[PDB]
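This document contains two forms of one protein chain, each encoded as structure tokens and listed individually as structure 1 and structure 2.
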Structure 1
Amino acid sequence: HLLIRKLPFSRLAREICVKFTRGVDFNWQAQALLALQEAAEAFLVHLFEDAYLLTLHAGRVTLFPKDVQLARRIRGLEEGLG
């Protein structure tokens, strides 16, 4: 089911995590790491779906950063208006 390799992912999460813990590495439940990764993947896949609809809407089939950028701004409006 998982698409990102867990190791590189957990190194990243650890790097980010340490900024908040005074240079001390908090340990993580294995299930906290999986929860985090599943959630990040769900997020990126959703963003890709949204972005791609814009691609198809532009008349394209190739996804560009501008499509992603634009899907972020639209999620932001959804979140802000609704």
Structure 2
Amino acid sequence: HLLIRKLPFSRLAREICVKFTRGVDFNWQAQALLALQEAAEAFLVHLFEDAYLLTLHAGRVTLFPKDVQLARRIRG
């Protein structure tokens, strides 16, 4: 169940793709964009959980960017 609107997520994806391809035209299967968004979301969610065990670990209850950054740093 997707928490980001499909259209904002799709514009982004296209902008990103276009800033990489920079002129080479590619099509995206609707099922490619969808799979991507699942993965995009599912990554944010696990990343949020890990960063939150860090928060808790620091005695706090409010997620800080340093929680998210430590988590990423520990993932590699």
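All residue numbers here follow the sequence of structure 1, with the first residue given the number 1. Only the largest set of C-alpha atoms that superpose within 1.5 Å between the two forms is called the rigid core.
Comparing between the two structures on the rigid core, is the C-alpha shift at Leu12 2 Å or larger? For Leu12, whose C-alpha is compared between the two structures after core superposition, the shift is less than 2 Å.
When you overlay the rigid core, is the Cα of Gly59 off by 2 Å or more between the two structures? Where the cores coincide, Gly59 shows only a C-alpha shift between the two structures that is less than 2 Å.
On a core-based superposition, does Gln69 travel 2 Å or more at its Cα between the two structures? Comparing the forms between the two structures, which are aligned on their rigid core, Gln69 does not shift its C-alpha by 2 Å or more.
With the core fitted, just quote the Cα shift at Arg22 between the two structures, in angstrom to one decimal. The alpha-carbon displacement, core-superposed, is 3.3 Å.
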